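Structure record follows, encoded as structure tokens.
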Ligand SMILES: *[C@@H]1O[C@H](CO)[C@@H](O[C@@H]2O[C@H](CO)[C@@H](O[C@@H]3O[C@H](CO[C@H]4O[C@H](CO)[C@@H](O)[C@H](O[C@H]5O[C@H](CO)[C@@H](O)[C@H](O)[C@@H]5O)[C@@H]4O)[C@@H](O)[C@H](O[C@H]4O[C@H](CO)[C@@H](O)[C@H](O)[C@@H]4O)[C@@H]3O)[C@H](O)[C@H]2NC(C)=O)[C@H](O)[C@H]1NC(C)=O
Ligand SMILES: Nc1ccn([C@@H]2O[C@H](COP(=O)(O)O)[C@@H](O)[C@H]2O)c(=O)n1
Ligand SMILES: *[C@@H]1O[C@H](CO)[C@@H](O)[C@H](O)[C@H]1NC(C)=O
Ligand SMILES: *[C@@H]1O[C@H](CO)[C@@H](O)[C@H](O)[C@H]1NC(C)=O
Ligand SMILES: [Ca+2]
Ligand SMILES: [Zn+2]
Ligand SMILES: [Zn+2]
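Numbering (the entry's author numbering), first residue to last: 170 to 611, 628 to 681, 689 to 726, 731 to 902.
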């Protein structure tokens, strides 16, 4: 009986043949295996289905941005964001090197492109042999290290020979036998491009790939290793059906110009022709503003590199163009109809939260649980997972180490909460009492736990000075070094102008007085906590509850609290809200140091002001609608990192449909709670009853569009 014909067997304890000390780990990749494939065509894939049913499976695995082979395949083995590991796209360009990059190019084998540290390099430093086969980055030597067994990429090599090649390596002597293995197949990406996600060719391809895995599993059984190997069946991205009618050509707005170069696809980027002479000299801001809102329902959007949604993490690299394009699903962008390969072919590269961009992940073996279905996770988390499977100390990556502990029978690494680096001090009443020049028209422990029911945010800033200001409706962590609130937490239940009051607990700043704000300047103040809480709550009008805010952003901020926040309180039976300013001027996704903060502090209206680049907001509720936010058994989080812009060009307000464009901005700039943690230097939910590993799972979560 073949392996696929046998039923499930619990591998609680690894059954390894002699000469084996611990079960090896094989990483099997199927390029272009969209997550929807297994959902729908499970009955046509008997081998893959058994691996799903006897292992740990996830409906959707979220890939990196853009959704391309090389960036994702390399992010898997490095656990790094594409903006950090160097491989931004299949085709890209580095200004500092004056060289282009391509799959079919001599520059591909250049070690100057590959940054970070792949797993086989990690394994080599800790005396662990690795045998790879056609994995991106295996051909090139990184840090002067090459895998003990490698093969330079040759797509003409038949798949069946690749499987046998790995099977032959498994028979090598214990000292010359690798402990880590990789496998790569071009299907069903190839069939996906040429015929589309819904075709007879992909079904034949899925079945072809399915029998090939069955060949591997039968091969493992004949070697007596079917219960002695950790298998990770993964993919790089999904596949979307392209259309000729749904394609964007830049020439229609610019003309047959030759001063600009466009990297075509659903994740388009633009650089000038005179490069690197005018790579920075070219002002992209003008071109971006000239391309925005040209159509009634435009299916593309010009984005300056820092203005992209933070969830994408696609800014802090030299290779990423300062001008990018975000497109609606099923849409691609190009300069001229001649540059593109084809318009009506199967494509990928769209937003990594799109439904069809989702990838496959199945973990099978003695180390993985049997028939366990887990929630979605990013591919950068897999790197740390493999280190635990190979007994390796992981290189510094972007994955929350330990967040995938629920997949394993016996977790190797037990995570802990980050220590508080902030210098926590107290603010008593000391300075009374200045005139604000404002016109106004006519115990403690119980109120603390009510405002921060999951625990106060911990200050990971080192070594920032923060005070805790307690009110009757909210608790705010105030910064003494910046003289503004870092965060404000409050609970809003299911059913419950030009004036301000001086908070005598904080030192007075000239920007706290209402006389500072005129009706002419676009810059004003906003509240972190809405004043319309519970008559009218006056402590929300404290000076310590205001932040510098553009008038254009107040349109979004007021609608967020007056309409959406109240609706969410009814749908989710109350919500706990934590809000605050975000300062990331170097657009690296992490909080700025005091040094760079002083460099970006503008002066306006004769006063020095540090104005926020973004504003974060975390909404927390109960998973059980019968419970209020003060009595949750399990949490329901959703975070947002909203861009603080002087105008609403991104939204195309023109047409004046306010209730529509705001929510579309909210949904677009949704982010992981971890993302907020990384960018604000705060740590949430530390006093929550669930374990650290569970809390990492919660904080690294993002919803899939469509
Ligand atoms: C995802 O995960 C990845 C990996 O964990 C994160 O990427 C890492 O980000 C951090 C912070 O952004 C990076 O650290 C910085 O590295 C840069 C670059 O290093 C080089 O910079 C100069 C080259 O021209 C040069 O000055 C440096 O030379 C030495 O510098 C000092 C001298 O004493 C020494 O300590 C170094 O070891 C070097 O020998 C170097 O060649 C660097 O500029 C940064 O310096 C800042 O911080 C230091 C204090 O640490 C300070 O002194 C400086 O003034 C400056 O403020 C900093 O070290 C790191 O390189 C990234 N790692 C990788 C592999 O990419 C990423 O942050 C995560 N992303 C997200 C979104 O979370
Ligand atoms: N190491 C590797 C792995 C894949 N590739 C190529 O990358 C292609 C996949 O790219 P996309 O999915 O991004 O379009 C495969 O068809 C293959 O020919 C390569 O050139 N070198
Ligand atoms: C950059 O590369 C191009 C193409 O090879 C070359 O013609 C040009 O001379 C290079 N520019 C610089 C500054 O080296
Ligand atoms: C690629 O692989 C095929 C199949 O093994 C082989 O015939 C061919 O010679 C290889 N091409 C190159 C360039 O090595
Ligand atoms: Ca920063
Ligand atoms: Zn691919
Ligand atoms: Zn592809």
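Here a beta-carbon is modelled for each residue, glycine too, at the ideal position from N, C-alpha and C.
Residue 399 sits in a strand when the DSSP states are folded into three classes. Per the coordinates, the alpha-carbon of residue 692 lies some 19 Å from the alpha-carbon of residue 671. Positions of the alpha helix (DSSP H) runs, each at least 4 residues long and wholly inside the stretch 779-816, are given as 790-795 in order along the chain. If you check the C-beta of residue 267 against ligand 3, you find a heavy atom less than 7 Å away.
For residue 772, DSSP records a beta bridge to 676, 816.
Placement of the Cβ of residue 300 at a distance of 7 Å or more from every heavy atom of ligand 2 is found.
Those residues placing their Cβ nearer than 5 Å to any heavy atom of ligand 2 are, following chain order, 237, 238, 259, 272, 305, 322, 324, 355, 358. Counting of Cβ neighbours within 10 angstroms places residue 208 among the exposed residues, the total staying below 16. Excluding the 5 residues flanking it on each side, residue 847 has same chain C-beta neighbours closer than 6 Å at 857, 861, in chain order.
When DSSP reads this structure, residue 594 sits in a beta bridge with 652. In this chain, the alpha helix (DSSP H) harbouring residue 635 covers 629-636. The beta carbon of residue 855 is closer than 8 Å to those of 755, 759 in its chain, skipping five residues each way along the sequence. The beta carbon of residue 809 lies closer than 7 Å to those of 778, 779, 780, 781, 840 in the same chain, with the five residues before and after it left out.
Under DSSP, residue 749 shares a beta bridge with no residue. Rounded to the nearest angstrom, the Cβ distance from residue 238 to residue 405 is 5 Å, consistent with a contact under 8 Å.
Taking C-beta atoms as the reference points, residue 244 and residue 548 count as a pair closer than 8 Å.
The criterion of a C-beta distance shorter than 8 Å is satisfied by residue 713 and residue 801.
Sixteen is the threshold: when 16 or more other Cβ atoms of the shown chains lie within 10 Å of the Cβ of residue 537, as they do, the residue is buried. From the listed residues 444, 407, 461, the smallest Cα separation to residue 423 is found for 461. With a beta-carbon spacing of about 6 Å, residue 654 and residue 740 fall inside the 8 Å limit used to define contacts. In the same chain as residue 497, and ignoring 5 residues on each side of it, the C-beta atoms closer than 6 Å to its own belong to 468, in chain order.
Counting C-beta pairs with one atom in each stretch, the stretch 394-410 and the stretch 525-535 have three or more that are closer than 8 Å, which means they touch. Measuring C-alpha to C-alpha distances from residue 298 to each of 309, 286, 315 identifies 315 as the nearest.
If you check the CB distance, residue 746 and residue 698 do not come in under 8 Å.
Taken atom to atom, the span from the alpha-carbon of residue 291 to that of residue 555 is near 11 Å. For residue 432, DSSP records a beta bridge to 438. At a cut-off of 7 Å, the beta-carbon of residue 866 does not count as near ligand 5: no heavy atom of the ligand is closer than that. Membership of residue 737 in any beta strand (DSSP E) is not indicated, and neither H nor E is assigned to it by DSSP.
As computed with DSSP, residue 837 is found in a beta bridge with 812. Contiguous alpha helix (DSSP H) elements confined to the stretch 243-310 occur at 251-254, 288-294, taking only those with 4 or more residues. For the pair residue 255 and residue 898, the Cα-to-Cα distance works out to about 24 Å.
Looking at 479, 340, 191, the one whose alpha-carbon comes closest to that of residue 560 is 191.
Between residue 539 and residue 177, the beta carbon gap of about 6 Å places them in contact (Cβ cut-off 8 Å).
Using a Cβ-Cβ distance cut-off of 8 Å, the stretch 449-461 and the stretch 276-290 are not in contact, since fewer than three pairs of beta carbons, one from each stretch, lie closer than that value. Classified as buried, residue 441 has 16 or more neighbouring CB atoms from the shown chains inside 10 Å of its CB.
When the alpha-carbon of residue 518 is set against those of 438, 474, 833, the nearest one is in 438.
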